[PDB]
Amino acid sequence: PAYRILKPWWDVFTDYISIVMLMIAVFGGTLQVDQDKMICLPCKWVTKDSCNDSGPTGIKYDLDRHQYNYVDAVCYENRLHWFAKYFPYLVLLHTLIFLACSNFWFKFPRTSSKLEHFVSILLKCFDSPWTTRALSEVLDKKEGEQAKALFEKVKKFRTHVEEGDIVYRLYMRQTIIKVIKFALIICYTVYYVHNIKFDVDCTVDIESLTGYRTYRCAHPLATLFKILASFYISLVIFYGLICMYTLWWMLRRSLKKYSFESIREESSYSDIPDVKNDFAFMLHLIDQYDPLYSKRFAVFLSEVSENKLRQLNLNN
Amino acid sequence: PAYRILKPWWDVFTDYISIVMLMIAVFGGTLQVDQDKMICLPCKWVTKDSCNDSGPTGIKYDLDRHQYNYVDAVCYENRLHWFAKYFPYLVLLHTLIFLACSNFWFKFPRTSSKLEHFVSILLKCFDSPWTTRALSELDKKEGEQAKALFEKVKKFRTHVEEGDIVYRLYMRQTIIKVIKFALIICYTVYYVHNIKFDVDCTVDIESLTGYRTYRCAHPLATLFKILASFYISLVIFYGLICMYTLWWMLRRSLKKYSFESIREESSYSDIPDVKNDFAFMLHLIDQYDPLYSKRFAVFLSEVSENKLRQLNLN
Amino acid sequence: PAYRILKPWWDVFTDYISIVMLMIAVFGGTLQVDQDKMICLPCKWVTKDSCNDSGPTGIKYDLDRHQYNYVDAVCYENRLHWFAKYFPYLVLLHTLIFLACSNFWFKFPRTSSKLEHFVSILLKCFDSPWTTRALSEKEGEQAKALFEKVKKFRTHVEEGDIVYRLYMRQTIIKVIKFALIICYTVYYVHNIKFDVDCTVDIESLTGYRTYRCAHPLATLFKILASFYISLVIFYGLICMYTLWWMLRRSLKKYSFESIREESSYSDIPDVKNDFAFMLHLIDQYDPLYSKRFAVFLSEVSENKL
Amino acid sequence: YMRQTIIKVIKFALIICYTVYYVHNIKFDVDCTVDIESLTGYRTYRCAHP
Amino acid sequence: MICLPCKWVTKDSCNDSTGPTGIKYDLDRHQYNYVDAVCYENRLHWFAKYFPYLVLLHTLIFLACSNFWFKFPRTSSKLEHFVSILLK
Amino acid sequence: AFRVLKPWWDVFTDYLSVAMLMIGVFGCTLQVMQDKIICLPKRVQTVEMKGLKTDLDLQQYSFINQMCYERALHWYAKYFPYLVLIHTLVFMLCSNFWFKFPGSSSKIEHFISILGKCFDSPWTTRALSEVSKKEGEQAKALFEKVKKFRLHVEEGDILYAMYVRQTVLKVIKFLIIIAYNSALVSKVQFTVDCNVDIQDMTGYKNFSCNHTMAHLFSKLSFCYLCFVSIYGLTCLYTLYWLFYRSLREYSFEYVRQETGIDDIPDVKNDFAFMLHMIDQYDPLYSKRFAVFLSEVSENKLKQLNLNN
């Protein structure tokens, strides 16, 4: 939206991945809700409560349809592993937590106000005509007054955001939480992904109600729950890799100090001082999306440009 | 929306918690509508109207499919705790009550009008060029807008300070939310353990079926228990947030707003002491962003009026 | 929309009750569509055309599955009370009529145009800044044109009271409909029962005369019915209060005595008919708007201008 | 635009030919002789298409 | 496709030859489902099986033909420019 | 909007990919609810015909059904819609590879900006009519913008090369899809034979099954195959257009024939490639920009500006 300038390539890639795992969640939830059953057949010949496995005639189990449904429910609830039953719900919960960690920067009001103000002033500077005029380096008097006003807003916003570092701390915290969560998901999922099996033997001791002790069930949506899980795992890995890169981007450069050395050398105004803390991190994110926004906003931050605009308005 | 500035972190966190609770309520409701039943098998051997439960061959109960359906329906109606049946409707009703209690602020016409007109003044003061000039320390059109907004600010100060309806409404909403959280927690924590998989029903339909006692498997029992635990955790978070909000209101008098810090930091040292309902709204906008209050408060000084009138003439 | 100013607390809060009645109507209608059936089992022991009710082994009825389905359909059609079958549709019908009665105020083109013009010029007069100097006691041309528009609208609206009578009729319809709904729902709520005794005389096709049926969505419907009653009761109370309010004082005679006494402009005359009732609704929503608009209704304010 | 109109009119001609030729084959009662006697026990079945 | 076998057959054709009693076919539910599937695949005409898909395909072709020049860029440029200059 | 730089083949492949995604969604919905297999045991146990009694319950029948669905059915018949969805998502993501690159998109935006500016510039038509004030100042500014674009874009070599990579990737993916689909399209069949060993559970070991949605999946597979074939002919013709004529060099000899000016330097590399793109879109833009590319035209414009 209007906040896309603060969303780098890794952020939008994580958003796309989380959308795909949400699709996984909704698909698995629909499958589990509608067509997840467990057809269990009694083992007629059992050796020590283990299926012996010893024209042809069909085997008569003498069980009603309702007894079969009871056996299916009991061996689905007591012997099928919890991962196979609750994989889509866990996927949905993890996807929701990932989205919440992505948007906790987006919704938390203390940093949200700073983001709104920064985006508003960046968009005003992008559409300001005197910004283009200074980038090109005779004006409207009201336009010059508004330009001096936006200069004052830049200075007061600097004083507003340079005093604190909650924005950078928040972003680092959500990155760390996402990395830790991805590690946990990968570990427990690679542990339990082999528990999703087609043929499951169940021993539930309902011989008083059905007449049989051990049964063999075949879970229908097992293999399709298998590959999905595996493919789900793949997406998570990519997510983690992206997150790990962000963690590397946390420590490769100190985001609390973002220098203007490249900007002032290429431009005529070789006087600008560096920014710090939340302003520095936000300008780093701006450079991640497009350095042109930061270079254009640089002409509204310098004092030589302030003197030039004062002299121009004296002429204007 | 327009009232986003009036929603602090606690309000937005409760809003997302309510959205999640509504989502799980709809999930449980659809689950109970479609897949909720109980598979009931009669106990062939009985001991004093109970379940004796004394190659293998299957037990022939000699019951039709419709006798089994009748047994399922009768045992579902009679012997199954009301929590396990109406839990999705309970969470749906509680979530709707919480959402209505949270959004009654913006729907009651008196308070809704007060908040909306306050939001308009705050927005146009944030976008007011004379706010900018006062912060730094003039076109005739901008001066006219500045004088109009100054008059609107003082007439609003007169109009809202007379009665604290918004503060009382917010306090009552928070109190209701805390009480609802407490009641939900005690009754839900008490009644979660009645959601069991296996339930024995002695419903006395021997004249129609031939058996007296039956053993039922409730398929949506562990799922309902997991949803109940998730709902309990969400209500724990909601209640802790609401308790913090109540503590925030009660620790300090929100009906008084000392402008000493802003009048000391900023140039204008004549800033009046905002009191009662206006004090409550200014505390809310402080909880959102102190910059909004700092850039709106420049219109409350009578010194700035004298500078504005002088610069209007000049 | 733009009519939020013309929606007092009774209008908005009953609209919320109207939107929550519709939810239980759709929820009930989905229930009636999906799994509203009756599991009917024959009574082998029958005495005086009723069920005698006189290890263990199951009772063989020697009935096919299709005979059971036919018995279910016949007893659901003949021996289930019509309230149990058609409660959600009745709730949906009542809710739709309530919505139509509460929105036909804004949908009827005469009242729609009148309310739209009043709202538009009230908003554009609220945007006017000269009311500040008025209440303190190119911009001048704009104030004069708005004064002329207000006067020429007043000369058009004060002639008739179509809006007031239509609002009275709508509120009276709402309260009488509430009375009928609560009466018949209290009468027929007890007919929703889980267990019922059907006697349809299909012995030729089935072999049994009397059957004992179980209705699954009865108790749910029962509590839904109770919920509906609660909502209706609340609705009626608000409507009752509305009646009292619209019979408390002459809503067709708006007196500006307080505003003209507070402000210097005491020449403000008494408003009549639709303009008076609409200003009363404005006072109900916000007394600020009526006081702020009253200065352009005064001709000595034009003398100041 | 001329090519689009020509394609649409020839498509209409083809549709209104083949659809009206094969529209009578949608019957309720259909007899099937599928030769599955080794699995079911019968050879000819009189099906009804609802 | 609800399929019922013909008890009395005469050269691959049903013969069609005190209360009445239902005919016992000695077929399971699954044998009935198998017969349904086989006869549905083999004997029911392809038009009755692919009528909605054929209709959808024809509508897609018709809609593509009607809206081809709006999406074809060589004519879309001319159409958009003509629209802009005509309204302006 | 970059749809101007999008030629007809790109948008054709876009709607083909949308149709492919619709086919995949429809197949997935079929697989979710209507996909079922029906298995009957083999060798069970005016004439009268009596049905063969298998002595099997409904649950044994369902167990046989899903035991033969998991094993006997080919993996293609079970996972065709999911493969279609995956392949069409990869196609859609790859369709705008040349569009989503940051530096490439910056170059494209710059090029469409200068071309639209010179198209809107009256001096282009004025000089075209002449050969065959304030606006002169704007023309000189646009001409120095032309020189800046020449110094900024023409020396690079990323655009044509990466477009060639995208086309090659599309052609290779098309070839793989067609090969595997033609190899495994005979596996989707109505009647199958299932030989699972569940003799200890159902008494039988050999079953004859029918896949009820095999005919519809075969029709969907042929429809997706023909769509992929059309996509592949589109990408093959794109490869032919990329490789047959060198887009490293754009000859302005047609403008030299039309416009009397002859000192027009031929553009090179990405300038030539993008002018080929816009010539495929609208050659009028290219022949009108060519007079704004000549430095002799710049000298004449300088002379007229000095005269004014």
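Residues numbered from 1 in each chain as written, not as in the entry; some residues may be left out. Chains lettered and ligands numbered in written order. Part of a larger assembly, values for the part shown. Heavy atoms only, no water.

Per the deposition metadata, cryo-EM was the technique used to determine this entry, at a resolution of 3.15 Å.

### What to know about the pairing of strand β1 (residues 39-42) of chain A
All names here are of chain A. Stated precisely, the cut-off is as follows: The rule is simple: take the accessible area with a 1.4 Å probe, protein chains only, and divide by the maximum for that residue type; under 20% is buried, over 50% is exposed, in between is partly exposed. What counts as a helix is a DSSP run of H or I of at least four residues, what counts as a strand is a run of E of at least two, and both are numbered from the N terminus. For two strands to pair, DSSP has to find at least two bridges joining them.
Burial along β1 is two-sided: the residues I39 and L41 and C40 and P42 are all buried. Where β1 lies against strand β3 (residues 214-218), four bridges are found, and the strand directions are antiparallel. Its bridge partner being in β3, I39 is matched across the sheet by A218.

### With respect to the interface of chain B and chain C
By a widely used convention, the size of an interface equals the accessible area lost when the partners come together. So the rule is basically this: The criterion used for residue contact is that any of the two residues' heavy atoms lie within 4.5 Å. Accessible-area loss on putting two parts together, using a 1.4 Å probe and summing over both, is the definition of buried area adopted here. Salt-bridge detection follows one rule: a side-chain nitrogen of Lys or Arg within 4 Å of a carboxyl oxygen of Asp or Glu. Identification of polar contacts relies on pairs of N or O atoms within 3.5 Å, with a donor-acceptor requirement for protein atoms, meaning one able to donate a hydrogen and the other able to accept it, and with residues adjacent in sequence counted only if both atoms are side-chain atoms. Residue polarity follows a fixed list, in which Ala, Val, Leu, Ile, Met, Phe, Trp, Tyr, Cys and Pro are nonpolar, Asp, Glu, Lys and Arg are charged, and the others, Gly among them, are polar.
With 37 residues of chain B at the contact, the number on the chain C side is 41 residues. Between chain B and chain C, a total of about 3400 Å² is buried, with carbon and sulfur atoms accounting for 64% of that surface. Counting the surface chain B buries against chain C, the share from its top three residues, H66(B), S207(B) and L208(B), is 19%. Our count for the contact surface shared by chain B and chain C stands at one salt bridge. With its nearest N and O atoms 2.3 Å apart, the salt bridge here joins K60(C) to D62(B). Summed over the shared surface of chain B and chain C, the result is ten residue pairs in polar contact. At the level of elements, α1 (9-34), α2 (65-78), α3 (82-103), α4 (109-126) and α6 (140-161) of chain B are the ones that each hand at least two residues to the side of chain B that touches chain C. The element that contributes the greatest number of residues to the side of chain B that touches chain C is α2(B), accounting for nine residues. Taken together, the residues of the side of chain B that touches chain C break down into 15 nonpolar, ten polar and twelve charged.

### Considering the UniProt feature "transmembrane region" in chain B
Residue and element names in this part refer to chain B. Heads up, the condition is: UniProt positions are given in the numbering used here, feature names are shortened, and annotations may be inferred rather than shown by experiment.
Within this numbering scheme, the UniProt entry marks residues 9-33, 86-104, 171-192 and 223-247 as carrying the feature "transmembrane region". Counted over residues 9-33, helix gives 100% and strand 0%. Its end C-alpha atoms are 36 Å apart. The distance from the first to the last C-alpha atom of residues 86-104 is 26 Å, and the span holds 95% helix and 0% strand.

### A few points about the UniProt feature "transmembrane region" in chain A
Residues and elements named next belong to chain A. The UniProt entry lists residues 9-33, 86-104, 172-193 and 224-248 under the feature "transmembrane region", expressed in the numbering used here. The distance from the first to the last C-alpha atom of residues 9-33 is 36 Å, and the span holds 100% helix and 0% strand. In residues 172-193, helix accounts for 95% and strand for 0%; the two terminal C-alpha atoms are 31 Å from one another.

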